[PDB]
Visitor: 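Here's a structure for you.
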Amino acid sequence: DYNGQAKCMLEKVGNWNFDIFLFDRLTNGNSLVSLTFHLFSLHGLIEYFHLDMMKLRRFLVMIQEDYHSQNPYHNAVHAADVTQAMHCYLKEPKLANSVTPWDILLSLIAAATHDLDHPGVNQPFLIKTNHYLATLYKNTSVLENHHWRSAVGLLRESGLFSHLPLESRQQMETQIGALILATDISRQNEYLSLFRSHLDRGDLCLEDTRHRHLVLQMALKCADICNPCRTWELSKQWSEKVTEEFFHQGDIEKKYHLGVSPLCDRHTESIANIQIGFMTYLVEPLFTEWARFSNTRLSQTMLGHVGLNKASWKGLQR
Ligand SMILES: CCn1c(NC(C)C)nc2c(-c3cccnc3)csc2c1=O
Ligand SMILES: [Mg+2]
Ligand SMILES: [Zn+2]
């Protein structure tokens, strides 16, 4: 029965109300591999790049298995969700009419690997505990650099693009890296201001690769924080999961006298308040600029869901 209904759900992979949780349940935890394999096929990439499907499945599996399923939030299902959202944005007319198969290929791989091997604790925690990653990357986008170099290790190991020129492989690594690093939420002000200027100037030229890759970076930043732009039933689950993971980092900081990070203290913070401030200060500003770039039904739908989800969280207060 379950393999049947999964196939059926994928017919609706371009829907904003896709249900990634049911999809992962139906596939016995195989959502990222199964979703992304399908999108590679849907976007024609297996033919366009003469990909061996056996190596494709192996690469996708090494990615999926390199997420920590025991993280409440940062696991392969969040990756699969971000990949499905990215696919919806690639379908928006300004992207659909300018992106190349190569852009589509990098965007999906970057979405799929953007949180690879995430340890379930944030950058200030890794820095203050002297984790080896923080030294390796000199305290700068420590997580994102880790996800990226981990992704480059899987690309090399899989041999999936071994038949393409070395220079193409290197460029793939570099452009994926610029996409993943854009997901460092602590640098949102820099990406959002740059984006907002171009949008004020009206100077973006989507047949220019540099401009188009800045837009793709904005698209991936959207995909990564679009949980509140989903339906209430989806958004509620993501908010519980994200909060569980934050509160767990707080319990460790409390137990070991590490200093409790903002948002991680279960005794002074609530799920509702955490969501409301996140929506006001990070989600709405990004999605309002995004809706100026791509002024479509999808962008309105996304922003209506934020307004609605925000009223729900206020409702659940006093
Ligand atoms: C969409 C999942 N998500 C993420 N994703 C970040 C981790 C990319 N961040 C936050 C924050 C937050 C607020 C302030 C500063 N840093 C994080 C509050 S709620 C929330 C959330 O639901
Ligand atoms: Mg991340
Ligand atoms: Zn993420």
Side-chain angles (χ1 to χ4, degrees), residues 20 32 63 66-68 71-86 107-126 133 137 140-151 176-189 191-192 217-232 234-250 260-266 268-287 290 302 305-306 309-310 312-313:
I20 195 73
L32 179 65
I63 296 172
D66 235 51
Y67 278 90
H68 305 187
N71 291 346
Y73 182 95
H74 286 107
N75 56 44
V77 171
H78 162 60
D81 177 48
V82 167
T83 305
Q84 191 262 343
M86 187 77 170
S107 299
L108 296 179
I109 287 173
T113 61
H114 84 282
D115 269 335
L116 197 55
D117 192 39
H118 190 304
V121 300
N122 69 7
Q123 171 171 117
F125 184 99
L126 299 174
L133 297 166
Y137 300 114
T140 307
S141 288
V142 172
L143 283 170
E144 294 73 25
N145 279 312
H146 180 56
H147 308 314
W148 173 47
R149 306 304 310 175
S150 303
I176 292 174
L179 286 157
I180 293 176
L181 270 282
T183 76
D184 178 355
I185 202 41
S186 87
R187 308 190 78 211
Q188 166 150 135
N189 59 315
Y191 289 85
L192 185 64
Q217 287 151 21
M218 303 314 298
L220 189 60
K221 276 175 65 37
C222 290
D224 196 26
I225 67 172
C226 68
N227 298 156
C229 311
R230 293 286 185 177
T231 222
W232 170 260
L234 293 162
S235 185
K236 187 178 179 155
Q237 306 173 73
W238 290 120
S239 291
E240 285 168 352
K241 287 156 186 289
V242 84
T243 300
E244 189 184 356
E245 187 169 305
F246 294 171
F247 288 180
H248 182 267
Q249 169 177 325
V260 190
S261 292
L263 273 13
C264 296
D265 188 343
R266 64 179 71 257
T268 65
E269 255 132 352
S270 57
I271 172 155
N273 271 331
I274 290 171
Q275 291 295 309
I276 291 149
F278 181 59
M279 279 166 148
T280 302
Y281 299 119
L282 288 164
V283 177
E284 287 164 34
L286 178 56
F287 287 91
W290 178 255
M302 280 187 302
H305 276 126
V306 177
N309 298 332
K310 203 189 200 173
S312 299
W313 286 120

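Position 1 is the first residue of the sequence, and the numbers go up from there. Just so you know, ligand 1 is whichever comes first in the structure, and atom 1 is the first atom listed for that ligand.
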Visitor: Can you pull every nitrogen or oxygen pair between ligand 1 and the protein closer than 3.5 angstrom?
Guide:
from     : atom 1 : to     : atom 2 : distance (Å)
ligand 1 : 22 (O) : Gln275 : NE2    : 3.1

Visitor: Got a sec: is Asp115 within less than 2.8 Å of the Mg ion (ligand 2) via an N/O/S atom?
Guide: yes
Visitor: If every non-hydrogen atom of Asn75 is compared with every non-hydrogen atom of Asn71, which pair is closest and at what distance?
Guide: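 The pair with the smallest heavy-atom distance is ND2-O, 2.8 Å.
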Visitor: Pick one: which of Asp224, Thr83, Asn227 meets side-chain hydrogen bond (donor to acceptor under 3.5 Å, both in side chains) with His78?
Guide: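 It is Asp224, the one option of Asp224, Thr83, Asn227 that forms the side-chain hydrogen bond (donor to acceptor under 3.5 Å, both in side chains) with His78.
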Visitor: Which word best sums up how the rings of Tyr73 and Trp238 line up, parallel for under 30°, tilted for 30 to 60°, or perpendicular for over 60°?
Guide: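 Geometry flag for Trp238 against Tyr73: perpendicular rings.
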Visitor: Could you tell me which non-hydrogen atom of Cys226 sits nearest to which non-hydrogen atom of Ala85, and how far apart they are?
Guide: SG-CB, 3.7 Å
Visitor: With a 6.0 Å cut-off on ring centres, are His68 and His74 close enough?
Guide: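 Not close enough - the centres of the two rings lie 6.0 Å or further apart.
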Visitor: Please say which of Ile180, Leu126, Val121 ends up in a side chain to side chain contact (heavy atoms under 4.5 Å, CB included) with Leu143.
Guide: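 Going through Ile180, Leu126, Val121 one by one, the side chain to side chain contact (heavy atoms under 4.5 Å, CB included) with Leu143 is satisfied by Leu126 alone.
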Visitor: Of the backbone and side-chain N, O or S atoms of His78, does one lie nearer to the Zn ion (ligand 3) than 2.8 Å?
Guide: yes
Visitor: Can an N, O or S atom be found in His114 less than 2.8 Å away from the Zn ion (ligand 3)?
Guide: yes
Visitor: What's the OD2-the Zn ion (ligand 3)-OD1 angle here (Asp115, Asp224), rounded to 10 degrees?
Guide: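 Computed angle, vertex at the Zn ion (ligand 3), rounded to 10 degrees: 170°.
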Visitor: Verify the distance criterion only: is there a donor paired with an acceptor across the side chains of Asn122 and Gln249 at less than 3.5 Å?
Guide: yes
